[PDB]
Structure formats: C-alpha cells, structure tokens
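Here's a solo chain for you in structure tokens, the form deposited in one PDB entry.
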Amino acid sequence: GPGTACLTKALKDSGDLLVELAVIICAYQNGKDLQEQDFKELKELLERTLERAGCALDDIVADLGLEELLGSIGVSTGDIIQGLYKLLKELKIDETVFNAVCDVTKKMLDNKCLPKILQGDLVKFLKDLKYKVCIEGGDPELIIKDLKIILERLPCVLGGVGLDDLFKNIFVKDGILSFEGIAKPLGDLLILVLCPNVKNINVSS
C-alpha cells in the first residue's frame, strides 16, 4: 500500500530513518516497567520520525491491516511496533545495522536513558561521537574535552557517576584515552560498543 511504498523509498534515501526506527522499536520491546506516558511518547516519536521522512504512520497502520474491526477501539502501539518490525525485515533492511543499534539501545535503557531516547536525543549522541570522539588522527586532549561536553548533555549514560569524578579518572596514557577506576565502565561502553556502532552507520554531522 501507499504507506509501505513510502516507507520502502524512504529507507533508500539518504537519512537516519532505519537507525531511528531501530531505536524506537527496541526501546518499546526492551523498556522495563514503562509508564503509560512512555508508551504515548514512543508513539509520538514514531509518528514524528515517519513524518520527517515524508511518510504517515496512519498509512503504514492501514497497510499492516491493523484497522479493520478487531477487538479494540484504536490500534495498540505494541501491534504497530511488531508489525513495523516484521515489515522492515520483509523490506530486507540491513539487519547488521538494525541489530547493532538495537543492542546499543538496550544498553542505554539499562542506564536509565529512556527520557532522552524519547526526546530523540540518541541519534544526536551517535552523531557527536562519530565526528568528535571515535575519530582517526585526533588530539586525545581535545577528544577528552569534546567527550566532556557530549556526556554533559546525556548524563544518564554516566550511570550515576558524577561527571566531575568520572573525568578525574580519564587520562591520556601513551597516546590513547585511558579510562581508570570508576570511569572504566564508560570507557568499555565507548570502546567496545559505541565507537564500533558509529563507525558502522552512515549518518550526517
């Protein structure tokens, strides 16, 4: 249908749609003890994300067939998410990218980052890491400074460790960033998870 058609083309366009959808889908699927307002905001984010790509969620829901009669007034967001996920696989999306984004999203939820995922801030975070942190030929003192600015806007990823104490434990050592003491979990997340993800995806600054 028109909704699936629009989505199909939109995924082939230069943009962040696949990554953004993966975040939304995996947040819905993995979030723990989600509030009703969380579910409402996730749907609003899906609607907005599709609109920005030139598509309408209503059209997609029509094509998923969720709107016939059925045993409810309205369509459940869970059904939309599961339908959308199945549809994406039918459209042969890059599941390597999808799964890598999904795994990252899971880790960010475990750090209580949902309120910021809801604000659409996660893709922004990956963009900043891609161009300011996970880079080649960078000045490590400058990278430390840039990381400080970035994390200050997404403090949930610090996992309760204050920014000030975290950076008491981040040093240049032998030309590479060194994450010592209480900063080691953050360093692991960057080095093992986030930097490989942002190198994998193509996304604008």
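Quick note: we count residues from 1 along the sequence shown, nothing fancier. Only the largest set of C-alpha atoms that superpose within 1.5 Å between the two forms is called the rigid core.
Same protein, other form: the form deposited in another entry, not shown, and the subject of what follows.
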### Summary
Core-aligned between the shown form and the other one, the sole member of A56, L70, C156, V172 showing a Cα shift of 2 Å or more is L70
### Query
After the core is matched up, is the C-alpha of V19 off by 2 Å or more between the shown form and the other one?
no
### Shift of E36 between the shown form and the other one at or above 2 Å (CA, core fit)
no
### Message
When the rigid core is used for the superposition, does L91 move between the shown form and the other one (threshold: C-alpha shift of 2 Å or more)?
### Response
no
### Query
Between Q82 and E68, does the Cα distance in the other entry come out closer or farther than in this form, changing by 3 Å or more?
closer
